[PDB]
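Visitor: Generate coordinates for the sequence data below:
(6 chains, ligands or ions: 2)
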Amino acid sequence: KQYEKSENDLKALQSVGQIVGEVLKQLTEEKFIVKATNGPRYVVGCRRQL
Amino acid sequence: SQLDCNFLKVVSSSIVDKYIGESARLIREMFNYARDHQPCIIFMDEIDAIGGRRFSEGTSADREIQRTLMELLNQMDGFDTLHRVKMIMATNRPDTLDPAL
Amino acid sequence: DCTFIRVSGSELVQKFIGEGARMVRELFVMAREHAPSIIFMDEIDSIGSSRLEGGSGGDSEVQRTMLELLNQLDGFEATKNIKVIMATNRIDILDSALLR
Amino acid sequence: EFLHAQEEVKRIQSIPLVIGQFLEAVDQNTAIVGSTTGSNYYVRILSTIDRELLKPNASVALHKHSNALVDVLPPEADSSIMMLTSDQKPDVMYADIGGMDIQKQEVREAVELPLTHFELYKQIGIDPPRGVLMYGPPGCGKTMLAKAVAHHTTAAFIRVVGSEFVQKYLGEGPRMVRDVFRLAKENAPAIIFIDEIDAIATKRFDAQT
Amino acid sequence: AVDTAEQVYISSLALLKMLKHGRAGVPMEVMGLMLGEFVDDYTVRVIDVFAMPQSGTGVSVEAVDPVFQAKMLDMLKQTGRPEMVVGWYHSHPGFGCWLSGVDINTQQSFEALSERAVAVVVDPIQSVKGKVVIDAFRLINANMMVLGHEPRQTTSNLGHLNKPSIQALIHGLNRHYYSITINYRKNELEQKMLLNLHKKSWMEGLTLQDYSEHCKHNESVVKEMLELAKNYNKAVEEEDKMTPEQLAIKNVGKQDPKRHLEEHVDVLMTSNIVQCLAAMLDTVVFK
Amino acid sequence: XXXXXXXXXXXXXXXXXXXXXXXXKXXX
Ligand SMILES: Nc1ncnc2c1ncn2[C@@H]1O[C@H](COP(=O)(O)OP(=O)(O)OP(=O)(O)O)[C@@H](O)[C@H]1O
Ligand SMILES: [Mg+2]
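Guide: Numbering: from 1, shown residues only, chains lettered A, B, ... in the order given. Ligands and ions are numbered 1, 2, ... in the order given. Sure, the structure comes next:
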């Protein structure tokens, strides 16, 4: 039971956080203009199935 | 005590801050949260902190209060109308209030 | 029959800090370059500054321009061919006693 | 081979792109852009970009690491605010207002009429007005008339609050004013409505605090 | 026993299996095996590429059950022929196409099993419709860091196809591995049909578009071409004596004479000539 | 004539950048 807690923490370590932002507009089908909350703007894309 | 889920209470004195914006930014977030849940109740006791009437170009700190006050005068009537949003207001003296309110 | 020069210069130039120390300089170059000339003014400084009221508490950039106005007029004209004309309401606010 | 050469340059975009705005140009194929990272640079530009797209202070794309001009965006992209979108007409008919027949007729010709009869002003020498101001006691139909005119128009309509550009940053205020007015120039015959300019248009002075 | 100037042969089916699996799994590394034959001690030849079911994170990707693996190769033997695994591949999306610290860890796993196991890097993001950024690497020992690793009896893998890029030698070249060259072998049968897949039937060659819109398009283009000529009279006459690089800085902006004027003439030419000439043949040929 | 005042704050913005050639694993 205590080993099960350790194995959950082995899985938990390699998680990486994600940037939170807001979509400004849709440029093309795969180009999007978003903006980070702290500042600047970017040109991004989705994955496939969003 | 009837609803207990859909009731917003504001002290109307912790709205102020040290920055220049950031007091309006609470009020926009409040009504937008009141926009999302549809049958909302707003309660602001003791408006007389934020309420006031008007000053003839006094302190710049008064201008921060009046700009904060005019966001209420906008977003009660303004462009976007409201639906199922009720606002209870309470005070001790009503004479010191803005006649536009 | 003199070259008229109207300076509006109301407050859009009062904010301009970095060039605020030259706007009177080349203007008085322009007056002594073109012709016997006449420069016209208005209420614009009195709305900007009067005296040391906005003094040691930040200098407000506008009275410092007024000290450069007083600097050149102290320097040398003897009118030489050039008058300046100023017209105002709200007459009892500015620093005219030093300027008398 | 030159048309094969143009296509092989195009790997430089690849969309991790950052967004700036064009500012000025020095000479042939070298310019100045102002980034949205706060700072200001001196960059190089591709020979591919058609030079007709420049100077509205256009929204432009930039490289991450090397920070060069790579792409010219559509000009309405970096705006951060939208117009009256598609359906938010506030459901006020023109005949809903009762008994404002002087002022309803006056504002209606103040907005729509110089789109057609522009040269009648100059032949008289009127110099037609850019803007109009409304005022009165609180609740004499100031907002409703502006509310009704959005329903029975076809032009672009941008509602503007009094005091939203007062954020606690350095100069976001004047940046947002540029974002509004470029959007009005870009779109159409447009209408800008700024309710409650009393929050900003004050008389007093610059108190240095 | 020594290396040489090696050469990676391909199959044309492989590269399309490379990028489409890479593009459809874009925001992470997607993995796959590589399937070919060791034709000599000098060159290597891949003919087939297939993937496996996987499970990924934002920073790592893993495979799942190996019961898919041997059963996949079993049913590829009985249909066609048996063949040989030669290596593997994955993606580095938007990266500098370089072997990562986990990518190198699966290579002493693979080089100990078979010798010339090739690691292959693809990127479907820095690849434009003109050209593909394909990449392949080959691990070297650290025990032979002083002794020579290639005998270098020719020039073909030394100064050709590039000098190594600055964003890839910052991790790799020539530490811990060495790069390898890639070409494209082509059978004649697919070469003949890869040539002709953008052509149509005779229906497309004998259309007459429609004379209403064709006259409308000519009515359209000439009308603004009048206005381009209005602006063209002003600018050519203007010519402020400005030492024309200053002419070449006041023209970036809205300025465009002489550029649309060559353009619309080309459009009005090629439209009207083909519309006439195809209408010529439909009377000479037909009846 | 004898009147006090309060104050306010205008906080500056902040931005950061790197060469971005650093990998973040080292685990495994
Ligand atoms: N002529 C009219 N016909 C119908 N309703 C009217 C008329 N004039 C005013 N109203 C009422 O006034 C409101 C219109 O908005 P309002 O007049 O409050 O904007 P305003 O004058 O800017 O007010 P405030 O200055 O307080 O913001 C509506 O709620 C409507 O009930
Ligand atoms: Mg109103």
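
Visitor: Chain D contacts on chain B?
Guide: B:19-22, B:24, B:57, B:60, B:63, B:66-68, B:70-71, B:73-74, B:77-81, B:99-100 (Cβ under 8 Å from any Cβ of the partner chain). All C-beta spots, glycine's among them, are computed from the backbone N, C-alpha and C.

Visitor: repeat for chain A
Guide: Contact residues (Cβ under 8 Å from any Cβ) of chain A with chain D: A:24-25, A:27, A:30-31, A:33, A:35, A:39-45.

Visitor: now the helices for chain B?
Guide: Along chain B, the segments classed as helices by DSSP state H run B:24-36, B:60-76.

Visitor: do you know which of these lies nearest ligand 2?
Guide: helix B:60-76 (7.2 Å; Cβ to the ion).

Visitor: what about residue E:86, which SS state?
Guide: Put simply, residue E:86 is strand when judged by DSSP: H, G, I helix; E, B strand; the rest coil.

Visitor: and the gap between it and residue E:172?
Guide: As judged by Cβ to Cβ, to the nearest Å, residue E:86 and residue E:172 stand 21 Å apart.

Visitor: Compare the two (neighbour count), which wins?
Guide: Remark: of residue E:86 and residue E:172, residue E:86 carries more neighbours, 23 against 20, as counted by other Cβ atoms under 10 Å in any protein chain shown.

Visitor: what number of residues lie near the residue nearest to that one when sequence neighbours are not counted?
Guide: Distances taken as Cβ to Cβ, 6 or more residues apart in numbering or on different chains place residue E:36 nearest to residue E:86, at 4.1 Å, with adjacent residues excluded. Applying other Cβ under 10 Å, we find 22 residues neighbouring residue E:36.

Visitor: so residue E:36 bridges to which residues?
Guide: residue E:46, residue E:84 (DSSP bridges).

Visitor: residue ranges of the helices in chain C, please?
Guide: C:25-34, C:44-48, C:63-75, C:96-99.

Visitor: Name the residue closest to the centre of chain A, please.
Guide: Computing the C-alpha centroid of chain A and ranking residues by Cα atoms, centre = their mean puts residue A:18 first, at 3.8 Å.

Visitor: so which strand or helix has that residue?
Guide: Applying DSSP states H and E as the criterion places residue A:18 outside every helix and strand.

Visitor: I'd like to know how far it sits from residue D:18.
Guide: 19 Å.

Visitor: quick one: which of the helices of chain C is nearest chain E?
Guide: Counting by Cβ to the nearest Cβ, chain E lies closest to helix C:25-34 out of the helices of chain C; the figure is 25.2 Å.

Visitor: From the contact counts, what lies against the closest one?
Guide: strand C:3-6, strand C:37-41, helix C:63-75 (3 or more Cβ pairs under 8 Å, 6 or more residues apart in numbering or on different chains; DSSP states H and E).

Visitor: Run the angle between that helix and helix C:63-75 for me.
Guide: Angle of helix C:25-34 versus helix C:63-75, following axes from the mean of the first three to the mean of the last three Cα atoms, to 10 degrees, is 30 degrees.

Visitor: near chain E at all, the longest strand that chain D contains?
Guide: The single longest strand within chain D, with elements called by DSSP state E, is strand D:17-27. Yes. Strand D:17-27 reaches chain E (Cβ under 8 Å from any Cβ) through D:25, D:26, D:27.

Visitor: Can you report how many residues neighbour residue C:94?
Guide: Each residue near residue C:94 was counted by other Cβ under 10 Å, and the total is 19.

Visitor: which residues in chain D form strands?
Guide: Using DSSP E, the strands of chain D run over residues D:17-27, D:30-35, D:43-44, D:59-62, D:69-72, D:156-160, D:190-194.

Visitor: Throw those into JSON lines and include mean neighbour count and distance to residue C:78, thanks.
Guide: Below are these laid out as JSON lines (neighbours: other Cβ atoms under 10 Å in any protein chain shown; distance: least, Cβ to Cβ, whole Å):
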{"stretch": "strand D:17-27", "mean neighbour count": "18", "distance to residue C:78": "45"}
{"stretch": "strand D:30-35", "mean neighbour count": "18", "distance to residue C:78": "47"}
{"stretch": "strand D:43-44", "mean neighbour count": "16", "distance to residue C:78": "54"}
{"stretch": "strand D:59-62", "mean neighbour count": "24", "distance to residue C:78": "56"}
{"stretch": "strand D:69-72", "mean neighbour count": "21", "distance to residue C:78": "57"}
{"stretch": "strand D:156-160", "mean neighbour count": "18", "distance to residue C:78": "55"}
{"stretch": "strand D:190-194", "mean neighbour count": "16", "distance to residue C:78": "52"}
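
Visitor: For chain A, find the nearest of those strands.
Guide: strand D:17-27 (4.0 Å).

Visitor: close to chain A, is the closest one?
Guide: Yes. Under the criterion of Cβ under 8 Å from any Cβ, chain A is reached by strand D:17-27 at D:17, D:18, D:19.

Visitor: Residue C:44 versus the closest residue to ligand 2 within chain C, what's the distance?
Guide: Nearest residue of chain C to ligand 2, counting by Cβ to the ion: residue C:11, 30.1 Å away. As judged by Cβ to Cβ, residue C:11 and residue C:44 stand 7 Å apart.

Visitor: again, but for residue E:101
Guide: Taking Cβ to Cβ as the measure, residue E:101 falls 68 Å from residue C:44.

Visitor: of those two, who's got more company?
Guide: Ranked by neighbour count (other Cβ under 10 Å), residue E:101 and residue C:44 place residue C:44 first, with 17 against 12.

Visitor: just checking, the more buried one touches residue C:12?
Guide: No. Counting by Cβ atoms under 8 Å, residue C:44 does not reach residue C:12; the two are 10.2 Å apart.

Visitor: Mind telling me which residue of chain A is nearest chain E?
Guide: Closest to chain E within chain A is residue A:16: 5.0 Å, counting by Cβ to the nearest Cβ.

Visitor: count of neighbours near that residue?
Guide: Residues lying near residue A:16 (other Cβ under 10 Å) number 9.
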